[PDB]
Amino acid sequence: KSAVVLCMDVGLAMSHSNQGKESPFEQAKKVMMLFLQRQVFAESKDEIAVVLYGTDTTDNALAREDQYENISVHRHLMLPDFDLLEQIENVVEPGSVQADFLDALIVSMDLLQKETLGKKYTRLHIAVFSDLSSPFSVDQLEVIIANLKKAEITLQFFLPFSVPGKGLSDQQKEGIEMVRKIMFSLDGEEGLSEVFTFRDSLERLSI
């Protein structure tokens, strides 16, 4: 069995609808449901957690006085079930704020570190879904990468555009370059291959 964290941006910008009938928030919610349905129906043994960033409330183990704010652990590492399907579809809504995606990545790594203790997994995996419009701080990023390597975590980034231009903001361009630096540190030239579109996300998650 493998262990997977789905780390999803629900900040206010994800709710902006200018690429078809579904906003990026709606599209990512849809991919997450299809993936979780596949896992339930095949009776897979993999365990799946869900971390949301950009939420109006704060609920995570690291939140303390202006730190790791507006990040919520919606589902801990467990087998997926039908209650989770109901929650995702009805409860989970867009936030009215924005949050820091490296904060969210650390919350996800801390979750895997604690909740895989003493068990054997074939792989540990974090999948991030975002449009990269929110600002972030790079403080301690070298520590994040060192622990991704030691723990042998496989990382995948999914974006609602491929990388005529798309009108990406400077903040989005900075986020994309930071994703490239992270993936090259882990896997080299081949590492940049592990950056994908929402369109291709369901199939890449599954292999």
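The first residue of the sequence shown is number 1, and the count goes up from there.
Where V163 is followed by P164 in the displayed chain, the model omits 4 to 9 of the deposited residues that sit between the two.
Comparing the deposited coordinates for 34-42 and 52-60, the stretch with the larger average C-alpha B-factor is 34-42. As the entry records it, the average C-alpha temperature factor is higher for 72-80, out of 72-80 and 102-110. Looking at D66, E174, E142, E26, the one whose CA carries the top B-factor in the deposited record is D66. For the set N90, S133, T116, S137, the PDB entry puts the maximum C-alpha B factor at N90. In this PDB entry, the Cα temperature factor of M14 sits in the bottom third of its chain's modelled residues, the lowest group. For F184, the recorded CA temperature factor ranks within the highest third of the chain's modelled residues. In the deposited entry, the Cα temperature factor of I207 sits in the top third of values across the chain's modelled residues.
Sort the modelled residues of the chain by CA B factor and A151 lands in the middle third.
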